[PDB]
């Protein structure tokens, strides 16, 4: 039986808050309902012994989606009696899709027949969530069964350090391909999963992870003060120019909003706050607090007014509402009791929302796990 069955009712750092206009059991049951709806839409078989996550309508996948499936299945054990079967199947799918640069990392994208497409290099975020999910699996089920989760997790973590970390700068690369002069020093703030990195250090003893945590907090604060002092917002991509990290310019890698708060960075208020929640580490607290203050004022406290993109100065770039964007602000709102009403509003919006699509629904689900007090770490 699972050692950390959902719901764990984790105690987060002192002074943090959870929604308080609904009961704890209503929250737990909302998460349960969202998990059932997520799996019904997104969690699919992938040939015998394998599962995968369908990230788009045509049945393609990416390693980001894979790692969200792995993470969710382990967190939802205790509720979902098939959690370990799903997790194991997802594991076997990951093992069958090694990156062409480091065989412990994952080839980032497959078509609907599970063949690698668009290049078979890794993506650092998918790698990191797969790695973290394996440490959680060791906690959840133990490593004595048919898969030694802890060892699998160490092996991928060491690979991330080997191939997905720039060890000159102690920054996370975009992936194991990102080694040339244009891309080697670039980093994606949505990969700043500081609390995953602490877990990596704990599992391996490698203090290089501490170097990356330290540098990454320095970058967050440099960009905050330098580029987003009134909003707290971080750009989709960051580049090193001369002495200083800066937002990327348009069409650096994905599109026109590469130096703005867009579809990558919408995850940062979730990923960064989680370290604070779990540890009390206050090194991004001013940045997160500024975000809370700015967004809740920007939208007059109504989560339906959050748009799917902003410039770093707070100018709207998005054209619509999106749970990928409102739900992570719910998590950052948890830093202070001054946001109680705003956090309650985000909760209600998120829990009451319809299925929007793989990306939005995954982000809402994790945000709900966190807001309900059910996140936990290695």
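Numbering follows the first chain given and starts at 1.
- The question of which stretch, 63-71 or 316-324, has the higher mean Cα B factor is settled in favour of 316-324.
- Stretches 90-98 and 235-243 differ in mean CA B factor, with 235-243 having the higher one.
- In the deposited coordinates, the residue among 292, 82, 265, 274 with the greatest CA B-factor is 82.
- In this entry, the residue among 287, 148, 110, 195 with the greatest C-alpha B factor is 148.
- Ranked by C-alpha B-factor against the other modelled residues of its chain, residue 29 falls in the middle third.
- In the PDB entry, residue 175 places in the lowest third of its chain by CA B-factor.
- In the PDB entry, a CA B factor belonging to the highest third of its chain's modelled residues is recorded for residue 104.
- The PDB entry assigns residue 55 a C-alpha temperature factor belonging to the highest third of its chain's modelled residues.
- In the PDB entry, residue 152 places in the middle third of its chain by CA B-factor.
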